[PDB]
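Below you'll find the structure, written out as structure tokens, and then a few comments.
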Amino acid sequence: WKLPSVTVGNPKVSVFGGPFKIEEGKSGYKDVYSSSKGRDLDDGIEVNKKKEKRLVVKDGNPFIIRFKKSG
Amino acid sequence: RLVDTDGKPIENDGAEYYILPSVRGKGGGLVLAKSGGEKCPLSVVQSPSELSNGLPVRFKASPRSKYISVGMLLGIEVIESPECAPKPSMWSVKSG
């Protein structure tokens, strides 16, 4: 087992709307996941076995981000 | 309030955005990679290079608002993604 992770591999999900939200968080924003049990869970980073910084559900340990407009 | 790096509201289903770390020295913007046994790059990761903005995304929120806000449920579409990925390539959560 390992922490649930963010993927694009599920062809069965909505192409408009979704279970994510953006919230304010210490000097930037965080991404959160509205879990099926009704608690929003922070997305954070976990370094995996091939040294990838994976975006995972990491309750209470958010990845703090900013959003740069393309162009 | 939710704004982009130039202080403008973020567009709903419009402009593309890069999702970038605030802290330096710890990886670049979010992209896709093969993880473990994957033979198609399906896993959201930050780019190994701090210089990289990663891949562009489009936000998709169901309300008809021109701009997204904090606390609003939305989907995240990765606008440039591997030919092997399902299209449109939408973030979701998976076990493992």
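Identifiers in the structure tokens: chain A, B, ... in order shown; residue index from 1 per chain; ligand index from 1 in order shown.
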Give me the chain B side of the contact with chain A, cut-off 8 Å, one line per residue showing its nearest atom pair and distance in Å at one decimal, counting only C-alpha atoms, sorted by chain and residue number, as JSON lines.
```
{"residue": "B:1", "atom": "CA", "partner": "A:24", "partner_atom": "CA", "distance": 7.6}
{"residue": "B:2", "atom": "CA", "partner": "A:24", "partner_atom": "CA", "distance": 7.7}
{"residue": "B:3", "atom": "CA", "partner": "A:67", "partner_atom": "CA", "distance": 7.5}
{"residue": "B:4", "atom": "CA", "partner": "A:67", "partner_atom": "CA", "distance": 4.8}
{"residue": "B:5", "atom": "CA", "partner": "A:68", "partner_atom": "CA", "distance": 5.2}
{"residue": "B:6", "atom": "CA", "partner": "A:68", "partner_atom": "CA", "distance": 7.7}
{"residue": "B:15", "atom": "CA", "partner": "A:70", "partner_atom": "CA", "distance": 7.0}
{"residue": "B:16", "atom": "CA", "partner": "A:70", "partner_atom": "CA", "distance": 5.3}
{"residue": "B:17", "atom": "CA", "partner": "A:69", "partner_atom": "CA", "distance": 4.4}
{"residue": "B:18", "atom": "CA", "partner": "A:68", "partner_atom": "CA", "distance": 5.0}
{"residue": "B:19", "atom": "CA", "partner": "A:67", "partner_atom": "CA", "distance": 4.9}
{"residue": "B:20", "atom": "CA", "partner": "A:65", "partner_atom": "CA", "distance": 5.3}
{"residue": "B:21", "atom": "CA", "partner": "A:65", "partner_atom": "CA", "distance": 4.5}
{"residue": "B:22", "atom": "CA", "partner": "A:65", "partner_atom": "CA", "distance": 5.1}
{"residue": "B:23", "atom": "CA", "partner": "A:64", "partner_atom": "CA", "distance": 7.7}
{"residue": "B:27", "atom": "CA", "partner": "A:53", "partner_atom": "CA", "distance": 7.5}
{"residue": "B:35", "atom": "CA", "partner": "A:50", "partner_atom": "CA", "distance": 7.6}
{"residue": "B:36", "atom": "CA", "partner": "A:50", "partner_atom": "CA", "distance": 7.7}
{"residue": "B:42", "atom": "CA", "partner": "A:8", "partner_atom": "CA", "distance": 5.2}
{"residue": "B:43", "atom": "CA", "partner": "A:7", "partner_atom": "CA", "distance": 4.6}
{"residue": "B:44", "atom": "CA", "partner": "A:6", "partner_atom": "CA", "distance": 5.6}
{"residue": "B:45", "atom": "CA", "partner": "A:54", "partner_atom": "CA", "distance": 4.4}
{"residue": "B:46", "atom": "CA", "partner": "A:53", "partner_atom": "CA", "distance": 5.5}
{"residue": "B:47", "atom": "CA", "partner": "A:53", "partner_atom": "CA", "distance": 7.7}
{"residue": "B:48", "atom": "CA", "partner": "A:52", "partner_atom": "CA", "distance": 7.1}
{"residue": "B:56", "atom": "CA", "partner": "A:70", "partner_atom": "CA", "distance": 7.0}
{"residue": "B:60", "atom": "CA", "partner": "A:16", "partner_atom": "CA", "distance": 5.2}
{"residue": "B:61", "atom": "CA", "partner": "A:17", "partner_atom": "CA", "distance": 4.7}
{"residue": "B:62", "atom": "CA", "partner": "A:17", "partner_atom": "CA", "distance": 4.9}
{"residue": "B:69", "atom": "CA", "partner": "A:22", "partner_atom": "CA", "distance": 7.6}
{"residue": "B:70", "atom": "CA", "partner": "A:23", "partner_atom": "CA", "distance": 5.0}
{"residue": "B:71", "atom": "CA", "partner": "A:21", "partner_atom": "CA", "distance": 5.4}
{"residue": "B:72", "atom": "CA", "partner": "A:21", "partner_atom": "CA", "distance": 5.5}
{"residue": "B:73", "atom": "CA", "partner": "A:21", "partner_atom": "CA", "distance": 4.9}
{"residue": "B:74", "atom": "CA", "partner": "A:18", "partner_atom": "CA", "distance": 4.4}
{"residue": "B:75", "atom": "CA", "partner": "A:18", "partner_atom": "CA", "distance": 3.8}
{"residue": "B:76", "atom": "CA", "partner": "A:18", "partner_atom": "CA", "distance": 7.4}
{"residue": "B:77", "atom": "CA", "partner": "A:15", "partner_atom": "CA", "distance": 7.7}
{"residue": "B:85", "atom": "CA", "partner": "A:9", "partner_atom": "CA", "distance": 6.3}
{"residue": "B:86", "atom": "CA", "partner": "A:11", "partner_atom": "CA", "distance": 5.6}
{"residue": "B:87", "atom": "CA", "partner": "A:11", "partner_atom": "CA", "distance": 7.7}
{"residue": "B:88", "atom": "CA", "partner": "A:15", "partner_atom": "CA", "distance": 6.9}
{"residue": "B:89", "atom": "CA", "partner": "A:8", "partner_atom": "CA", "distance": 5.4}
{"residue": "B:90", "atom": "CA", "partner": "A:8", "partner_atom": "CA", "distance": 5.3}
{"residue": "B:91", "atom": "CA", "partner": "A:8", "partner_atom": "CA", "distance": 4.8}
{"residue": "B:92", "atom": "CA", "partner": "A:7", "partner_atom": "CA", "distance": 5.5}
{"residue": "B:93", "atom": "CA", "partner": "A:6", "partner_atom": "CA", "distance": 4.7}
{"residue": "B:94", "atom": "CA", "partner": "A:4", "partner_atom": "CA", "distance": 5.4}
{"residue": "B:95", "atom": "CA", "partner": "A:4", "partner_atom": "CA", "distance": 4.5}
{"residue": "B:96", "atom": "CA", "partner": "A:2", "partner_atom": "CA", "distance": 5.1}
```
(message) Going by DSSP on the backbone, which residues of segment 20-82 of chain B come out as strand (DSSP E)? List them as number ranges by chain.
(response) B: 20-21, 30-33, 43-46, 57-60, 75-78
Write the residues of the preceding selection, restricted to N, CA, C and O atoms, as a compact mmCIF listing (two decimals), in the first residue's frame.
```txt
# COMPACT_ATOMS: atom_id res chain seq x y z
N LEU B 20 2.58 25.90 -9.76
CA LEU B 20 4.03 26.01 -9.47
C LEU B 20 4.22 26.01 -7.98
O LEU B 20 3.39 26.53 -7.28
N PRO B 21 5.35 25.47 -7.51
CA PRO B 21 5.69 25.50 -6.08
C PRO B 21 5.98 26.92 -5.67
O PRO B 21 6.61 27.66 -6.43
N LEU B 30 3.87 21.20 -11.83
CA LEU B 30 3.28 19.88 -11.90
C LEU B 30 3.24 19.37 -13.37
O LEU B 30 2.98 20.15 -14.31
N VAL B 31 3.53 18.10 -13.55
CA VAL B 31 3.57 17.49 -14.88
C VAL B 31 3.07 16.06 -14.71
O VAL B 31 2.34 15.80 -13.73
N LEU B 32 3.44 15.15 -15.64
CA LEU B 32 3.04 13.75 -15.59
C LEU B 32 4.29 12.89 -15.72
O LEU B 32 5.26 13.32 -16.40
N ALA B 33 4.24 11.71 -15.11
CA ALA B 33 5.36 10.76 -15.15
C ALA B 33 4.87 9.34 -15.06
O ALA B 33 3.75 9.09 -14.58
N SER B 43 0.85 9.62 -13.89
CA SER B 43 0.91 10.08 -12.50
C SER B 43 1.28 11.54 -12.43
O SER B 43 2.26 11.94 -13.02
N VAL B 44 0.53 12.33 -11.66
CA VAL B 44 0.85 13.77 -11.48
C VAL B 44 2.07 13.89 -10.52
O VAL B 44 2.07 13.35 -9.40
N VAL B 45 3.09 14.59 -11.00
CA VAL B 45 4.31 14.77 -10.19
C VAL B 45 4.81 16.18 -10.40
O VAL B 45 4.53 16.83 -11.43
N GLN B 46 5.63 16.68 -9.49
CA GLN B 46 6.31 17.88 -9.89
C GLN B 46 7.52 17.58 -10.78
O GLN B 46 8.18 16.54 -10.66
N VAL B 57 -2.64 23.47 -17.32
CA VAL B 57 -3.96 22.87 -17.03
C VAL B 57 -5.05 23.88 -17.32
O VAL B 57 -4.79 25.10 -17.37
N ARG B 58 -6.26 23.37 -17.51
CA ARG B 58 -7.47 24.18 -17.63
C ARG B 58 -8.36 23.79 -16.47
O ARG B 58 -8.53 22.61 -16.21
N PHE B 59 -8.91 24.78 -15.77
CA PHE B 59 -9.83 24.50 -14.65
C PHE B 59 -11.25 24.39 -15.19
O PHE B 59 -11.64 25.12 -16.10
N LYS B 60 -12.01 23.44 -14.65
CA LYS B 60 -13.35 23.17 -15.14
C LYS B 60 -14.30 23.12 -13.96
O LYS B 60 -14.37 22.12 -13.25
N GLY B 75 -12.86 20.38 -11.75
CA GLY B 75 -11.93 19.43 -12.35
C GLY B 75 -10.70 20.15 -12.87
O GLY B 75 -10.72 21.39 -13.03
N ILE B 76 -9.63 19.38 -13.13
CA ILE B 76 -8.38 19.95 -13.60
C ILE B 76 -8.02 19.15 -14.83
O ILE B 76 -7.90 17.91 -14.74
N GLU B 77 -7.98 19.79 -15.99
CA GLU B 77 -7.66 19.06 -17.22
C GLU B 77 -6.23 19.40 -17.58
O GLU B 77 -5.89 20.59 -17.69
N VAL B 78 -5.41 18.38 -17.79
CA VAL B 78 -4.02 18.59 -18.23
C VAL B 78 -4.08 18.70 -19.75
O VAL B 78 -4.34 17.71 -20.46
```
(message) Neighbouring residues of residue 61 of chain A were defined as those with any atom within 8 Å, considering only C-alpha atoms; residues of the same chain fewer than 3 positions away were excluded. Please report them as a VMD selection string.
(response) chain A and resid 42 to 44 58
Restrict the selected residues to N, CA and C atoms and save them as a PDB file, in the first residue's frame.
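The result, stored in part-v3.pdb:
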```
ATOM      1  N   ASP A  42      -5.983  17.547   2.132  1.00  0.00           N
ATOM      2  CA  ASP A  42      -4.889  18.267   1.475  1.00  0.00           C
ATOM      3  C   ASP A  42      -4.160  17.357   0.477  1.00  0.00           C
ATOM      4  N   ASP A  43      -3.772  17.916  -0.666  1.00  0.00           N
ATOM      5  CA  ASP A  43      -2.856  17.236  -1.549  1.00  0.00           C
ATOM      6  C   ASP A  43      -1.457  17.726  -1.215  1.00  0.00           C
ATOM      7  N   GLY A  44      -0.518  16.792  -1.130  1.00  0.00           N
ATOM      8  CA  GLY A  44       0.849  17.135  -0.744  1.00  0.00           C
ATOM      9  C   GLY A  44       1.810  16.328  -1.586  1.00  0.00           C
ATOM     10  N   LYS A  58      -2.324  13.819   1.154  1.00  0.00           N
ATOM     11  CA  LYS A  58      -1.430  13.923   2.291  1.00  0.00           C
ATOM     12  C   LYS A  58      -2.016  14.853   3.320  1.00  0.00           C
TER      13      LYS A  58
END
```
(request) Please measure the separation of atom CA of residue 29 of chain B and atom CA of residue 64 of chain B, giving the value in Å to one decimal. (result)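 Rounded to one decimal, the two atoms are 28.1 Å apart.
In this model, the gap between atom CA of residue 25 of chain B and atom CA of residue 25 of chain A comes to 19.5 Å.
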